[PDB]
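Whatever order the structure lists them in is the order used to number ligands and atoms, beginning at 1. The first residue in the sequence is number 1, and the count goes up from there. Because only heavy atoms are used, hydrogens play no part in the values below, and waters and symmetry mates are left out as well, while side chains stay in.
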Amino acid sequence: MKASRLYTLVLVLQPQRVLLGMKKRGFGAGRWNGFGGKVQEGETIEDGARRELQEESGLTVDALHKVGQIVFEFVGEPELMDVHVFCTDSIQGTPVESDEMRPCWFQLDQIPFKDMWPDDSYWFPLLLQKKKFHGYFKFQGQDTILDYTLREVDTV
Ligand SMILES: Nc1nc2c([nH]c(=O)n2[C@H]2C[C@H](O)[C@@H](COP(=O)(O)OP(=O)(O)OP(=O)(O)O)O2)c(=O)[nH]1
Ligand SMILES: [Mn+2]
Ligand code: NA
Ligand code: NA
């Protein structure tokens, strides 16, 4: 048994494009990703996701919808990362570069998988199909998956 820490991840997914941010420092630096971070004491997971989206991208949204949950384990780290993944298609301002992220839109036939976390190749297609999922990935360092599970679910 390991303990886990709560994180969020938000994908702004529109009919023909998705907003990603280039992580400028910290965990996952150099990879395009959705927006998110640690859940803080007192806030719901969904509200922490909304907060991180605003902090990192400048976007303010009324609602998010849950699309998946991914648990990450790293060799040498006792704590698991329990990542709650959300989407929305509905925005009403423009993204802005933050200290953490440079936002950029990608067409959905140009998803930059080689410059994303390696596990995203497995679960992001499910997100694109609007299928909910649970995943688990064990990493050695930043690049190498040693074990993983991925399943479609009816409820996140
Ligand atoms: N797509 C994808 N996202 C991941 C993976 N692993 C992982 O932690 N994430 C997400 C979850 C969070 O959105 C983010 C990690 O949180 P963070 O380090 O940005 O947290 P934060 O904003 O609170 O921290 P800080 O950088 O402000 O100090 O990366 C992965 O393998 N794939
Ligand atoms: Mn944070
Ligand atoms: Na953050
Ligand atoms: Na973050």
- Atoms in ligand 1 with a heavy atom of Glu100 nearer than 4.0 Å: 22 (O), 27 (O)

- Proximal atoms of ligand 1 relative to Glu56 (non-hydrogen, under 4.0 Å): 22 (O)

- Query: When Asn33 is tested against each of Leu20, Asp115, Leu9, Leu11 for side-chain contact (heavy atoms from CB on, under 4.5 Å), which residue passes?
  - Reply: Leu9

- Query: What protein N, O or S atoms come within a distance below 3.0 Å of the Na ion (ligand 3), ordered by chain and number?
  - Reply: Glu52 OE1, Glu56 OE2, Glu100 OE1

- Given a cutoff of under 4.5 Å between side-chain heavy atoms of I, L, V, M, F, W and Y, with clusters grown through shared members, what are the other residues clustered with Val156? none

- Item | Nearest non-hydrogen protein atom, atom 3 (N) of ligand 1 | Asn33 ND2, 3.0 Å

- Apart from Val39 itself, which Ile, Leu, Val, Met, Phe, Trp or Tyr residues share its cluster (side-chain heavy atoms under 4.5 Å, direct or through members)? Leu6, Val10, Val12, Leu19, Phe35, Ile45, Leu53, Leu59, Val61, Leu64, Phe86, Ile91, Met101, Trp105

- Message: Considering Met101, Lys38, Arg31 one by one, which has a heavy atom nearer to atom 23 (O) of ligand 1 than any of the others?
- Response: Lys38

- Query: Is the closest heavy atom of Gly36 to ligand 1 under 4.0 Å?
  - Reply: yes

- May I ask you to identify the nearest protein heavy atom to atom 16 (O) of ligand 1, giving residue, atom name and distance to one decimal place in Å? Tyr7 CD2, 3.6 Å

- Task: May I ask you to identify the nearest protein heavy atom to atom 17 (P) of ligand 1, giving residue, atom name and distance to one decimal place in Å?
- Result: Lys23 NZ, 3.9 Å

- Query: Minimum heavy-atom separation for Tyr136 to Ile70, with atom names?
  - Reply: N-CG2, 4.4 Å

- Message: Is the distance between the ring centroids of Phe27 and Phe74 under 6.0 Å?
- Response: yes

- Does the salt bridge (charged side-chain N to carboxylate O under 4.0 Å, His left out) test come out yes or no for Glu43 and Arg51, once each step is laid out? CA-CA 9 Å; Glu43 71 189 355; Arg51 179 187 48 74; 2.8 Å; yes

- Message: Looking at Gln110, I want to see if its CD is surrounded by more than 12 non-hydrogen atoms of other residues, nucleotides or ligands under 6.0 Å.
- Response: no

- Task: Using the salt bridge (charged side-chain N to carboxylate O under 4.0 Å, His left out) rule, take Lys2 and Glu73 through it: C-alpha gap first, then chi angles, then the decisive distance, then the call.
- Result: CA-CA 10 Å; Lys2 290 187 165 208; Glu73 182 167 0; 2.9 Å; yes

- Query: At a 4.0 Å cut-off, with the gap strictly under it, does some heavy atom of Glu52 reach an atom of ligand 1?
  - Reply: yes

- among protein heavy atoms, the one nearest atom 20 (O) of ligand 1 is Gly37 CA, 3.3 Å

- Would you call the rings of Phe72 and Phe139 parallel, tilted or perpendicular, where under 30° means parallel and over 60° means perpendicular? tilted

- Item | Heavy atoms of other groups near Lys132 NZ, more than 12 under 6.0 Å | yes

- Query: Leaving out waters, which are not shown anyway, how many protein N, O or S atoms lie closer than 2.8 Å to the Mn ion (ligand 2)?
  - Reply: 1

- Query: With backbone taken as N, CA, C and O and side chain as the heavy atoms from C-beta onward, which portion of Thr8 lies under 4.0 Å from ligand 1: side chain, backbone, both, or neither?
  - Reply: backbone

- Message: On a heavy-atom basis, which atom in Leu150 and which in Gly135 lie closest, and how many Å separate them?
- Response: CD1-CA, 4.0 Å

- Hey, is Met81 touching ligand 1 through its side chain, its backbone, both or neither, going by heavy atoms under 4.0 Å? side chain

- Item | Heavy-atom pair with the smallest gap, counting every atom of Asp62 and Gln92 | OD2-NE2, 3.4 Å

- Task: Consider every N or O of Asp120 and every N or O of ligand 1, then say whether any pair is closer than 3.5 Å.
- Result: yes

- Apply salt bridge (charged side-chain N to carboxylate O under 4.0 Å, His left out) to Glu97 and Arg102, showing your working. CA-CA 5 Å; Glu97 181 162 0; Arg102 180 180 57 87; 5.5 Å; no

- Task: Can you pull out the closest protein heavy atom to atom 31 (O) of ligand 1? Residue, atom name and distance to 0.1 Å, please.
- Result: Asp119 OD1, 2.5 Å

- Query: For the atom pair CZ (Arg31) and CD (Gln142), what is the distance rounded to the nearest 0.5 Å?
  - Reply: 6.0 Å

- Query: Within less than 4.0 angstrom of ligand 1, does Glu55 place any heavy atom?
  - Reply: no

- Pick, from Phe72, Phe74, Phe27, the option with the minimum heavy-atom distance to atom 8 (O) of ligand 1. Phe27

- Message: Please give me the minimum heavy-atom distance between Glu55 and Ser98, naming the atom from each residue.
- Response: O-CB, 3.7 Å

- Do you know which two heavy atoms are closest between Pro103 and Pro95, and how far apart they sit? CB-CB, 3.6 Å

- Which atoms from ligand 1 have a heavy atom of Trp123 less than 4.0 Å away? 1 (N)

- Considering only heavy atoms, does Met116 approach ligand 1 within less than 4.0 Å through its side chain, its backbone, both, or neither? neither

- Note: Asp143 and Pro118 closest approach over all heavy atoms is O-CG, 3.7 Å

- Fit a plane to each ring of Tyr148 and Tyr122, take the angle between them on a 0 to 90° scale, and name the class: parallel (under 30°), tilted (30 to 60°) or perpendicular (over 60°). tilted

